[PDB]
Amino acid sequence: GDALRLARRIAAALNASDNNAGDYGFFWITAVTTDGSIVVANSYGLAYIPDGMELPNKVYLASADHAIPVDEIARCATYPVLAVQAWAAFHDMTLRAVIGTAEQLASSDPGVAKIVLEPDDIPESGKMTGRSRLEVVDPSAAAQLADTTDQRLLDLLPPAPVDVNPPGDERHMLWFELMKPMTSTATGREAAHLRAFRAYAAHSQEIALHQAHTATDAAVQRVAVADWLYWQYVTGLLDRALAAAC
């Protein structure tokens, strides 16, 4: 019933200059139902939350649900309005509202309030704390992260790699490759974006694997192991979604 104001607060917090750093085609969409459940979705890939970013305790990610078919997840890829709509559709709820800036909102209006945001309406400080990304998309994995003592952290990960040398941070390239179909509205840009994001996911995962296997600090490999498990989930979801639409 309440916390529409909390929805617009977090809707202004995603829309800050902390992480919206000139990413072509990136935007967020926030929505709330008649129950009071908050759902967000971005326009880059599936189950993506940016690095070192936290979400509040009520917030569900639209592209990260398990009660929803993977084929209708992939159908709503890069189109976050349609994503929160489909989340409400199978999750039985009626959407009370969608928040954002009206350029993003021009697509759909089925009984939705269409809340518009202005340069004073959004503060330019993110400032929100809650769940780490592993705890948002895979809380099963976040619970067996928490029952791992700081010594035995390598039992969650596969073995140390056959190459001792670091693999090489090529991510600034793969990210770029990822942004290339987002400059298009042709049929099939969605799939090409998902393939490039899957390659970014796998390389990020290999970097976190090596980062955990080479470090000797507690919080450092806990970062690296949580990163590895998150990208394990993301790579798996992208593989299922790319495979189900052939």
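When you see a residue number, it is the position in the sequence shown, counting from 1.
S.K.: Using only the Cα atoms and their B-factors as the entry lists them, report which of 34-42 and 198-206 averages higher.
M.R.: For C-alpha atoms only, the mean B-factor is higher in 34-42.
S.K.: So, looking at the entry's B-factor column for Cα atoms, which has the higher mean, 187-195 or 209-217?
M.R.: Per the deposited B-factors, the answer is 209-217.
S.K.: When the CA B-factors of 84, 142, 74, 128 are compared as recorded in the entry, which is the largest?
M.R.: Top of the list by C-alpha B-factor: 128.
S.K.: Looking at 153, 164, 134, 146, which has the highest CA B-factor as recorded?
M.R.: Highest C-alpha B-factor among the listed options: 164.
S.K.: According to the PDB entry, is the CA B factor of residue 80 in the bottom, middle or top third of its chain, that is, lowest, middle or highest?
M.R.: Lowest third - that is where residue 80 ends up once the chain's C-alpha B-factors are sorted.
S.K.: Can you tell me whether residue 7 has a C-alpha B-factor in the lowest, middle or highest third compared with the other modelled residues of the same chain?
M.R.: It falls in the top third of the chain.
S.K.: Give the position of residue 244 by CA B-factor within its chain, expressed as the lowest, middle or highest third.
M.R.: For residue 244, the deposited C-alpha B-factor lands in the middle third.
S.K.: Among the chain's modelled residues, which third holds the C-alpha B-factor of residue 15?
M.R.: Within its chain, residue 15 is a middle-third residue by C-alpha B-factor, going by the deposited values.
S.K.: For residue 21, return the chain-relative third of its C-alpha B-factor as stated in the PDB record: lowest, middle or highest.
M.R.: Highest third of the chain for residue 21's C-alpha B-factor.
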